[PDB]
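Peer 1: Provided herewith is a single structure, encoded as structure tokens, for subsequent inquiry.
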Amino acid sequence: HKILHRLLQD
Amino acid sequence: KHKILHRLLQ
Amino acid sequence: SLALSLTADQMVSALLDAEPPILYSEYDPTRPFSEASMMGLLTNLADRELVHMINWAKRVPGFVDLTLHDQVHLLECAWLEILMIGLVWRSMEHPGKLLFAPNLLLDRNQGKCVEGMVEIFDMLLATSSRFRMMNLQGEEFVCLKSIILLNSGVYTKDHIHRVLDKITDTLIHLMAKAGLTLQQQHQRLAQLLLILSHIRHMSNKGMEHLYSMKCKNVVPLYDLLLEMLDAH
Amino acid sequence: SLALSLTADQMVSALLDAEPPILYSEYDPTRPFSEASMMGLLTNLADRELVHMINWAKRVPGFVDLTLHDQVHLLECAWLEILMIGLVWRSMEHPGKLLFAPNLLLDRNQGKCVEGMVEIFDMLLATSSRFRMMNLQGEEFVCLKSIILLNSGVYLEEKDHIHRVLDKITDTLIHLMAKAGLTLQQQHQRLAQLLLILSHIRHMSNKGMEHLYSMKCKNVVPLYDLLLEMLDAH
Ligand SMILES: CC[C@@H]1Cc2cc(O)ccc2C2=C1c1ccc(O)cc1C[C@H]2CC
Ligand SMILES: CC[C@@H]1Cc2cc(O)ccc2C2=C1c1ccc(O)cc1C[C@H]2CC
Ligand SMILES: [Cl-]
């Protein structure tokens, strides 16, 4: 759950 | 095919 | 089909009367269980429950009207979901535990005795808690179980679809009779059917786990249970 | 939550406006496909679709009200279900074929190009035919897609809010059917019919996920980071 985390934050 | 299920259903 | 002319009350009565009996686990004081002893008890129980499930299905309005081939297909696709919803139902009186049988009430910790089983126990316990909080009634439960039987394999049909609408009418009828407003009725109906997708998910996870247990030869599987498993 | 305050028509409006665009598949692919080339095309498409899905989710009423941890959880649990229902929707008007992209309409036969894929293609096609018979509308489709997102991973403070939003979507669906001229009995029956389809979509997603972890170990799938992480979540 790395990229998804970032994309959801941006 | 021969199935226990077939037998039980009939 | 004779099932299509039944009233909602007759539908409920028929379903209640077809309910299978509660079976007991083989007896044995020895606690705790080993991975093999626990799986031995559970598969033996499941195998016996399957025989009663088959006879229960034959008493579900509209099921005997299907061809043998279709009857077989439906049971093969839905057997684990049906065993699971039954377990979740009788476990409602025992928050935090799964009542496999009156003499076999297990806790989450006991689920760890078998690898990969604790994940399944947790989903089952959450479903039971969800039903308990919704205050699921016995009459609604029998309708849900029948919907699982007729819907699960339906897409792998006009008659089955007509019987499903019938059960839907019966569910709403029960809620209306329980005093729910029109709004509460369709909201409760949606809530109940959405839980069915979770039961489907648990069944697929359980099927995967059983297949791996089989290949690991943790214990020999009874013939009927093996037949139902291989169907997947 | 502004979501809990939206009217039925405002709910439909918000969901319709949140719709992601339809993406194109890599152009002029070499045919026939090999197992590796087909998966390459499909995984490339899915990876780009996932980026748009994440942004669509943020526009689904109530989703923003959840914690980052929960948002992550719901998407990780529902992504494939969401990809599949979108595919089934795009394919409704194309009997026998799956419209992966405007420039990529495949038949079940082409699904045999990949081991184990034809079985999944058949279920997907049956679901599309089911929506065709039911004459599924666009406003109903967007409602179902949002239900999948909120319900798939839902199983207390957060849970209550989610259940409230799910209840509002139900009200919206009934509203739409009431406007279509359906009687009360027909409304309830159609609502049940639509929600039971979600059980089949969950089934296909579980099967697709297993098959995906199968292609992975065979080194047949490209290394698309996002798609792989989503897969690992399971
Ligand atoms: C974990 C319970 C689930 C549902 C259930 C309900 C019941 O009344 C009797 C047996 C079972 C089984 C289950 C299960 C869950 C995971 C599996 O891999 C296999 C199974 C099969 C049987 C236990 C042998
Ligand atoms: C077979 C289609 C299904 C759903 C779908 C819809 C879409 O718009 C784009 C890609 C997909 C994938 C699927 C699938 C189905 C089975 C699998 O094992 C893996 C997958 C993942 C992607 C294809 C890479
Ligand atoms: Cl793009």
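Residue numbering restarts at 1 in every chain; chains get A, B, ... in the order shown in the structure tokens, and ligands count up from 1 in that same order.
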Could you list, as a PyMOL selection string, every residue within 9 Å of residue B:8, counting only C-alpha atoms and ignoring same-chain residues fewer than 4 positions away?
Peer 2: (chain B and resi 3-4) or (chain C and resi 51+54-55)
Peer 1: Can you pull out every residue with an atom within 8 Å of ligand 2? Use only C-alpha atoms and all ligand atoms and format it as a ChimeraX atom specification.
Peer 2: /D:39-47,49,80-81,83-87,100-101,117,120-121,124,205,207-215,221
Peer 1: Could the residues in this selection be written to a file with C-alpha atoms, as a compact mmCIF listing (two decimals), in the first residue's frame?
Peer 2:
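What ended up in selection-v8.txt:
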```
# COMPACT_ATOMS: atom_id res chain seq x y z
CA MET D 39 -1.71 -9.67 -20.72
CA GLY D 40 0.70 -6.86 -21.55
CA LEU D 41 -2.04 -4.90 -23.31
CA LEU D 42 -4.66 -5.58 -20.62
CA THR D 43 -2.38 -4.89 -17.65
CA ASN D 44 -1.20 -1.65 -19.28
CA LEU D 45 -4.84 -0.56 -19.63
CA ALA D 46 -5.78 -1.62 -16.07
CA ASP D 47 -2.83 0.27 -14.60
CA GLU D 49 -7.56 2.85 -15.30
CA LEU D 80 -11.02 -5.40 -9.52
CA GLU D 81 -14.78 -5.48 -8.86
CA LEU D 83 -12.81 -2.61 -13.14
CA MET D 84 -15.08 -5.55 -13.98
CA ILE D 85 -18.42 -3.79 -13.61
CA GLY D 86 -17.16 -0.91 -15.74
CA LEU D 87 -16.16 -3.44 -18.38
CA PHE D 100 -12.02 -3.35 -23.01
CA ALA D 101 -11.49 -0.10 -24.89
CA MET D 117 -8.85 -16.66 -18.95
CA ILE D 120 -13.44 -15.46 -16.60
CA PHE D 121 -14.46 -14.03 -20.00
CA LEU D 124 -18.15 -11.44 -17.63
CA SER D 205 -13.27 -10.64 -8.78
CA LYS D 207 -11.59 -15.69 -9.32
CA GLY D 208 -9.81 -12.99 -11.28
CA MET D 209 -7.55 -12.20 -8.34
CA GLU D 210 -6.53 -15.87 -7.99
CA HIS D 211 -5.88 -16.11 -11.73
CA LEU D 212 -3.85 -12.89 -11.59
CA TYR D 213 -1.58 -14.24 -8.85
CA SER D 214 -1.27 -17.25 -11.14
CA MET D 215 -0.03 -15.31 -14.18
CA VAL D 221 2.49 -10.20 -16.43
```
Peer 1: Distance limit 7 Å, reference ligand 1, atoms considered: only C-alpha atoms and all ligand atoms. Which residues make the cut? Give them as a list in words.
Peer 2: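 So the residues close to ligand 1 are residues 39, 42, 43, 45, 46, 49, 80, 83, 84, 86, 87, 100, 117, 120, 121, 206, 207, 208, 209, 210, 211 and 213 of chain C.
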Peer 1: Counting only C-alpha atoms and all ligand atoms, which protein, DNA or RNA residues come within 7 Å of ligand 3, given as an mmCIF file with C-alpha atoms, in the first residue's frame?
Peer 2:
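This is the output file selection16.cif:
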```cif
data_model
loop_
_atom_site.group_PDB
_atom_site.id
_atom_site.type_symbol
_atom_site.label_atom_id
_atom_site.label_comp_id
_atom_site.auth_asym_id
_atom_site.auth_seq_id
_atom_site.Cartn_x
_atom_site.Cartn_y
_atom_site.Cartn_z
ATOM 1 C CA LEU D 23 -9.397 4.977 -21.939
ATOM 2 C CA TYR D 24 -7.870 3.584 -25.124
ATOM 3 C CA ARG D 48 -3.932 3.525 -16.239
#
```
Peer 1: With a cut-off of 8 Å, could you pull out the residues of chain D touching chain C and give me the nearest pair of atoms for each, distance in Å to one decimal, using only C-alpha atoms, ordered by chain and ascending number, as a tab-separated table?
Peer 2:
```
residue	atom	partner	partner_atom	distance
D:123	CA	C:156	CA	6.8
D:126	CA	C:155	CA	6.3
D:127	CA	C:155	CA	7.4
D:151	CA	C:194	CA	7.3
D:152	CA	C:198	CA	7.4
D:155	CA	C:126	CA	6.9
D:167	CA	C:187	CA	5.9
D:170	CA	C:187	CA	6.3
D:171	CA	C:187	CA	7.4
D:185	CA	C:169	CA	7.2
D:188	CA	C:186	CA	6.7
D:189	CA	C:165	CA	5.5
D:191	CA	C:190	CA	7.6
D:192	CA	C:168	CA	6.9
D:193	CA	C:165	CA	7.9
D:195	CA	C:193	CA	6.5
D:196	CA	C:193	CA	6.6
D:198	CA	C:197	CA	6.5
D:199	CA	C:197	CA	4.3
D:200	CA	C:152	CA	7.3
D:202	CA	C:197	CA	6.3
D:203	CA	C:200	CA	6.6
D:206	CA	C:204	CA	6.9
```
Peer 1: Write to file, as a PDB file, in the first residue's frame, the residues of the selection just made, with C-alpha atoms.
Peer 2:
```
ATOM      1  CA  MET D 123     -18.734 -15.050 -16.569  1.00  0.00           C
ATOM      2  CA  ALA D 126     -23.059 -13.570 -18.887  1.00  0.00           C
ATOM      3  CA  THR D 127     -23.126 -10.554 -16.561  1.00  0.00           C
ATOM      4  CA  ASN D 151     -19.573  -2.231   0.725  1.00  0.00           C
ATOM      5  CA  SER D 152     -16.783  -4.538  -0.415  1.00  0.00           C
ATOM      6  CA  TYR D 155     -16.773  -5.813   6.787  1.00  0.00           C
ATOM      7  CA  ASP D 167     -28.721   3.757   2.796  1.00  0.00           C
ATOM      8  CA  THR D 170     -30.518   2.756  -1.810  1.00  0.00           C
ATOM      9  CA  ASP D 171     -33.002   5.638  -1.540  1.00  0.00           C
ATOM     10  CA  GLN D 185     -43.529  -4.325  -5.999  1.00  0.00           C
ATOM     11  CA  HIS D 188     -38.316  -3.817  -4.663  1.00  0.00           C
ATOM     12  CA  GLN D 189     -37.878  -6.685  -7.105  1.00  0.00           C
ATOM     13  CA  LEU D 191     -33.557  -3.446  -6.396  1.00  0.00           C
ATOM     14  CA  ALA D 192     -33.026  -7.044  -5.267  1.00  0.00           C
ATOM     15  CA  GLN D 193     -32.116  -8.109  -8.805  1.00  0.00           C
ATOM     16  CA  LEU D 195     -27.914  -6.088  -5.650  1.00  0.00           C
ATOM     17  CA  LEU D 196     -27.756  -9.843  -6.257  1.00  0.00           C
ATOM     18  CA  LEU D 198     -23.047  -7.676  -7.002  1.00  0.00           C
ATOM     19  CA  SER D 199     -22.679 -11.164  -5.535  1.00  0.00           C
ATOM     20  CA  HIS D 200     -21.669 -12.478  -8.953  1.00  0.00           C
ATOM     21  CA  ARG D 202     -17.641 -10.331  -6.145  1.00  0.00           C
ATOM     22  CA  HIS D 203     -17.304 -13.952  -7.302  1.00  0.00           C
ATOM     23  CA  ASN D 206     -12.221 -13.375  -6.347  1.00  0.00           C
TER      24      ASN D 206
END
```
Peer 1: Excluding residue D:71 and residues on its chain fewer than 2 positions from it, collect all residues at most 10 Å away from it, counting only C-alpha atoms, and give them as a short mmCIF file (atom, residue, chain, number, x, y, z; two decimals) with N, CA and C atoms, in the first residue's frame.
Peer 2:
```cif
data_model
loop_
_atom_site.label_atom_id
_atom_site.label_comp_id
_atom_site.auth_asym_id
_atom_site.auth_seq_id
_atom_site.Cartn_x
_atom_site.Cartn_y
_atom_site.Cartn_z
N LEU A 4 -0.71 3.72 -3.92
CA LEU A 4 -2.10 4.04 -3.65
C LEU A 4 -2.20 5.08 -2.54
N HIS A 5 -1.37 4.90 -1.52
CA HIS A 5 -1.33 5.81 -0.38
C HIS A 5 -1.04 7.23 -0.88
N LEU A 8 -3.68 8.84 -3.15
CA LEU A 8 -4.84 9.26 -2.38
C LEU A 8 -4.57 10.55 -1.61
N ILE D 54 -8.91 5.86 -8.56
CA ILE D 54 -8.53 6.47 -7.29
C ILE D 54 -9.10 7.88 -7.21
N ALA D 57 -12.99 7.77 -6.88
CA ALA D 57 -13.37 7.41 -5.51
C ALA D 57 -13.47 8.63 -4.61
N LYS D 58 -12.52 9.55 -4.77
CA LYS D 58 -12.50 10.77 -3.97
C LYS D 58 -13.73 11.63 -4.22
N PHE D 63 -16.80 9.27 0.76
CA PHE D 63 -15.48 8.65 0.73
C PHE D 63 -14.40 9.55 1.32
N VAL D 64 -14.51 10.86 1.10
CA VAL D 64 -13.53 11.81 1.63
C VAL D 64 -13.60 11.89 3.15
N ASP D 65 -14.77 11.58 3.70
CA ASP D 65 -14.98 11.63 5.14
C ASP D 65 -14.28 10.50 5.89
N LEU D 66 -13.76 9.52 5.16
CA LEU D 66 -13.08 8.39 5.78
C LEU D 66 -11.59 8.67 5.95
N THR D 67 -10.95 7.91 6.83
CA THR D 67 -9.52 8.07 7.07
C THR D 67 -8.73 7.51 5.89
N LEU D 68 -7.49 7.95 5.74
CA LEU D 68 -6.65 7.50 4.65
C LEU D 68 -6.50 5.98 4.70
N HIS D 69 -6.38 5.45 5.92
CA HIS D 69 -6.23 4.01 6.10
C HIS D 69 -7.46 3.27 5.58
N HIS D 73 -7.97 0.81 2.27
CA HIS D 73 -8.56 -0.51 2.46
C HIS D 73 -9.72 -0.79 1.50
N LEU D 74 -10.65 0.15 1.38
CA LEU D 74 -11.80 -0.05 0.50
C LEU D 74 -11.38 -0.21 -0.96
N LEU D 75 -10.43 0.60 -1.41
CA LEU D 75 -9.96 0.51 -2.79
C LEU D 75 -9.20 -0.78 -3.04
N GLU D 76 -8.36 -1.19 -2.09
CA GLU D 76 -7.61 -2.43 -2.24
C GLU D 76 -8.54 -3.63 -2.32
N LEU D 149 -17.76 0.09 -3.98
CA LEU D 149 -16.65 0.73 -3.29
C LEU D 149 -16.83 0.75 -1.77
N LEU D 150 -18.00 1.18 -1.33
CA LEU D 150 -18.31 1.30 0.09
C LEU D 150 -18.61 0.00 0.82
N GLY D 153 -15.34 -3.64 1.34
CA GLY D 153 -14.39 -3.77 2.43
C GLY D 153 -14.95 -3.34 3.77
#
```
Peer 1: Which polymer residues have any atom within 8 Å of an atom of residue C:113, counting only C-alpha atoms, with same-chain residues fewer than 4 positions away left out, as a PyMOL selection string?
Peer 2: chain C and resi 33-35+38+109+117
Peer 1: Keeping N, CA and C atoms, export the residues of the selection given above as a CSV table (one decimal), in the first residue's frame.
Peer 2:
```csv
chain,number,residue,atom,x,y,z
C,33,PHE,N,-7.5,-29.0,20.5
C,33,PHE,CA,-7.4,-29.9,19.4
C,33,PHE,C,-6.1,-29.7,18.7
C,34,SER,N,-5.8,-30.6,17.8
C,34,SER,CA,-4.5,-30.5,17.1
C,34,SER,C,-5.1,-30.1,15.7
C,35,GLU,N,-4.2,-29.8,14.8
C,35,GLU,CA,-4.6,-29.3,13.4
C,35,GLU,C,-5.5,-30.4,12.8
C,38,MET,N,-9.0,-31.2,14.8
C,38,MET,CA,-10.0,-30.2,14.6
C,38,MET,C,-10.6,-30.3,13.2
C,109,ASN,N,-9.3,-18.0,18.9
C,109,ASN,CA,-8.0,-18.6,19.2
C,109,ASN,C,-7.9,-20.0,18.7
C,117,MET,N,-6.9,-20.7,8.9
C,117,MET,CA,-8.3,-20.8,9.3
C,117,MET,C,-8.7,-19.5,10.1
```
Peer 1: Quick check, in Å to one decimal: how far apart do atom CA of residue D:145 and atom CA of residue D:1 lie?
Peer 2: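 Result for atom CA of residue D:145 versus atom CA of residue D:1: 20.4 Å, one decimal.
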Peer 1: So how far away is atom CA of residue C:225 from atom CA of residue C:47, in Å?
Peer 2: 5.6 Å
Peer 1: Can you list, as a PyMOL selection string, every protein, DNA or RNA residue that comes within 9 Å of residue C:9 when you count only C-alpha atoms, leaving out same-chain residues fewer than 5 positions away?
Peer 2: chain C and resi 14+170+173-174
